[PDB]
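So this first bit is one chain, no partners, the form deposited in one PDB entry, shown in C-alpha cells.
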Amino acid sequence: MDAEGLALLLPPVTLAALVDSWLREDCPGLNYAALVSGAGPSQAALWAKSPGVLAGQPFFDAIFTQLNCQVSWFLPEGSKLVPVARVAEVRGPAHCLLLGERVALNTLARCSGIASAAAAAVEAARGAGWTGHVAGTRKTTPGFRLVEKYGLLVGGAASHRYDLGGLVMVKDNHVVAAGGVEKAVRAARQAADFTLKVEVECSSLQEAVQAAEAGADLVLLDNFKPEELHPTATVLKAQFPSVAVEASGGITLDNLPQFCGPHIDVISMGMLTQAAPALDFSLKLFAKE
C-alpha cells in the first residue's frame, strides 16, 4: 500500500536478467560513441519535464548498476512531478553513463506515464464518491509486463488477480468453445478443487444473467454503455449478493464518472496501459569534475 515500500516487490534475479536483455537489445555491436565519450568520471542530472507520478526507480537503478554507475534520488518513488524538476544524479564512467541513457529514460518514461494515468483515474473515481477499485487489464506490452504492472501499483491501480492472483477467467471465447456458459463454469470448477472464484466475460444483459445463475462469483460487463450498464448491474445484485460486478470496455479518464455506479465493484481501464503517454525525461550531463 505504501508507495515507497513497493520497491521490495521486484524479484532481483529476473529483474537483473530483464535489464540484461534490454541492454543487449540496444547495442548489439561496437560502440563508437564511447570513443568520443572517453571513460572519465562524470555526472548527469535527471530532469523530469512532465506533470504526473514518478515510478520506475528500481528499473532505473538496476540498469545503471549493470554498467557500474551509481544513482542518487532527491524525490522518492511516487512523488508528484512538477515540470523541470531535478529528480536524480547519475555517476560513472562517461561511456557507460551514455550507454545506459536510452534504456533507462525509456523505461522510467513509460513506467511513470502508466503510474500517472493510473493516479489521474483513481482521482476521478473518488471525485464521484465511488467506493470500488480501479484496475488494469492484461493489455500489456509483450516483454514489458513486469514494468507496466509495477507502474499500475505505484499510481494506485491494481493488478487484476490475473497475475496479482489467479481466478480462471472465462472469456466469451471460453463460453463459445465450451458450449454455453453453464458448461464452462463447472469445467472451471472441475480443475480447481476448492472454494474457487470464477469470473465470466459478458457482452450482453442475457449473458450476464445466465452466468450468475451458473454460479459465477464475478460478472464482467464488457463494452456496455452506462445507460444499459447500471440496470444490468442492479439486477445481478438482486440476483445473488456475493456476485461482484466488473466493468471494462471503452472507459476513459473523462467519461469514467458515467461508469462509477451504485452497483459496480471494479472498473478495468485498458487505456491505463494501451493509451498512457510517456512522461518526459532527459538526462543532461552537467559537469565532468
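Superpose the two forms; the largest set of C-alphas matching within 1.5 Å is the rigid core. The first residue of the shown sequence is 1; numbering continues from there.
Keep in mind that the form deposited in another entry is missing from the display, and what follows is about it.
Quick check on the comparison between the shown form and the other one: with the core aligned, only one of 43, 66, 239, 252 should show a Cα shift of at least 2 Å. Which one is it? The displaced C-alpha is that of 239.
After fitting the core, residue 163 CA displacement of 2 Å or more between the shown form and the other one: Comparing the forms between the shown form and the other one, which are aligned on their rigid core, residue 163 does shift its C-alpha by 2 Å or more.
Using a superposition on the rigid core, decide whether the Cα position of residue 197 changes by 2 angstroms or more between the shown form and the other one. Shift of 2 Å or more: yes.
How about residue 75 - superposed on the rigid core, does its CA move between the shown form and the other one by 2 Å or more? No; residue 75 is a residue whose C-alpha shifts by less than 2 Å between the shown form and the other one when the cores are overlaid.
Distance direction in the other form for the C-alpha atoms of residue 142 and residue 164, relative to the displayed form (3 angstroms or more): Closer together, which means the C-alphas of residue 142 and residue 164 are at least 3 Å nearer in the other form.
Closer or farther apart in the other form, the C-alpha atoms of residue 150 and residue 164, for a change of 3 Å or more? Their C-alpha distance grows by at least 3 Å in the other form.
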